[PDB]
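Shown next as structure tokens: one chain only, the form deposited in one PDB entry.
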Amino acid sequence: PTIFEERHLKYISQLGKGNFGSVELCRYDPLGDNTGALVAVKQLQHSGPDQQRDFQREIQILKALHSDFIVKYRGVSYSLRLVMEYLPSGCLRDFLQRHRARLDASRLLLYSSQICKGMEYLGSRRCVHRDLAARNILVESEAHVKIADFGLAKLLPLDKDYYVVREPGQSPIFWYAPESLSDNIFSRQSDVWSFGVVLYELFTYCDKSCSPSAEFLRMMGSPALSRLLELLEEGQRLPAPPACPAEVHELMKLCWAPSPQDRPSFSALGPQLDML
């Protein structure tokens, strides 16, 4: 099952690109009569040595994760390719923009709860995502979302609860916490910072004009990394989204606490979301 033969993976269409590589919709059909299962196949076409090493790490991390709110690993094909389950409604960013009129606050709260449970589990496995955002969240159906794109994901060292990355910025800066911007320090607490921005994204329906980049860029005014750092250290944050519940906005601000240890854990965030 885990060893997918390359000749049986029949290409259908393109899906998109994560942090590195690209993903394709394929039908794995060994019987050769297109009666097989649709799957999501990731590969690296135009990639350096650094991205190849990250990909080997992504495969092993995702293979080991088992949650209802984390995209399932199916197997591998060797030209190394990662086979994942296919979620036909796509990513949440586009889903919220497309179906803005139909999706009320209670539904946004359900996605927040499911993502939080996924991240709580990811914390128990001592794994840091490093790129938690609406673009990397997939949609199974109207009542079910999963976390995806584990390319930048790291396991914490056996003796520490934080990871210092040597590389600078493989993702957009507007989801990073202060200690990641200033010192490249990543942890479960920096993932909680990013969850606050995801909460902001949900409750703006990923509207482009009031996105994290759009809002912060106006504050930064006429180095982009250093200016963002200054704003965050001075106490500047994303505003309350229009028509956002007050209780949800207070949780965002707790997720954006200056010190990592003052941010709540995903285990403490879970009940607070579910009781609204």
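So that the term is clear: the rigid core is the largest set of C-alpha atoms that superpose within 1.5 Å between two forms. The numbering used is simple: start at 1 and walk along the sequence shown.
A.B. asks: Counting only other entries that model residues on either side, is residue 169 absent from the coordinates in at least a third?
C.D. replies: Yes, left without coordinates in at least a third.
A.B. asks: Where the other entries model residues on both sides, is residue 221 skipped in at least a third?
C.D. replies: Yes, left without coordinates in at least a third.
A.B. asks: Counting only residues from the deposited sequence, how many are left out of the model between residue 78 and residue 79 (none, 1 to 3, 4 to 9, 10 or more)?
C.D. replies: Count of unmodelled residues in between: 4 to 9.
A.B. asks: Between residue 45 and residue 46, determine how many residues of the deposited chain lack coordinates; answer none if the chain runs continuously, otherwise 1 to 3, 4 to 9, or 10 or more.
C.D. replies: In the deposited sequence, nothing is left without coordinates between these two.
A.B. asks: Could you check which stretch, 159-167 or 188-196, carries the larger mean CA temperature factor in the entry?
C.D. replies: Comparing averages over the C-alpha atoms only gives 159-167.
A.B. asks: Higher mean Cα B-factor in the deposited model: 112-120 or 95-103?
C.D. replies: Higher mean C-alpha B-factor: 95-103.
A.B. asks: From the list 211, 222, 236, 56, select the residue with the highest C-alpha B factor recorded in the entry.
C.D. replies: Of the options given, 222 has the highest CA B-factor in the PDB entry.
A.B. asks: Using the B-factor values recorded in the entry, state whether the Cα atom of residue 27 falls in the lowest, middle or highest third among the modelled residues of its chain.
C.D. replies: For residue 27, whose C-alpha B-factor we compare with every modelled residue in the chain, the answer is the middle third.
A.B. asks: How does the C-alpha B factor of residue 66 compare with the rest of the chain: lowest, middle or highest third?
C.D. replies: Lowest third of the chain for residue 66's C-alpha B-factor.
A.B. asks: Quick check for you: using the entry's CA B-factors within this chain, is residue 231 in the lowest, middle or highest third?
C.D. replies: Residue 231: CA B-factor falls in the middle third of its chain.
A.B. asks: In terms of the chain's CA B-factor thirds, is residue 9 lowest, middle or highest?
C.D. replies: Its C-alpha B-factor belongs to the highest third of this chain's values.
A.B. asks: Taking the entry's C-alpha B-factors for this chain, is residue 267 in the lowest, middle or highest third?
C.D. replies: Middle third, going by the recorded CA B-factors of the chain.
The form deposited in another entry is left out here; the points below concern that form.
A.B. asks: Which of 250, 50, 68, 230 has its C-alpha displaced by 2 Å or more between the shown form and the other one after core superposition?
C.D. replies: Only 50 moves by 2 Å or more at its C-alpha.
A.B. asks: Core aligned, does the CA of residue 20 move at least 2 Å between the shown form and the other one?
C.D. replies: Yes, the C-alpha position differs by at least 2 Å between the shown form and the other one.
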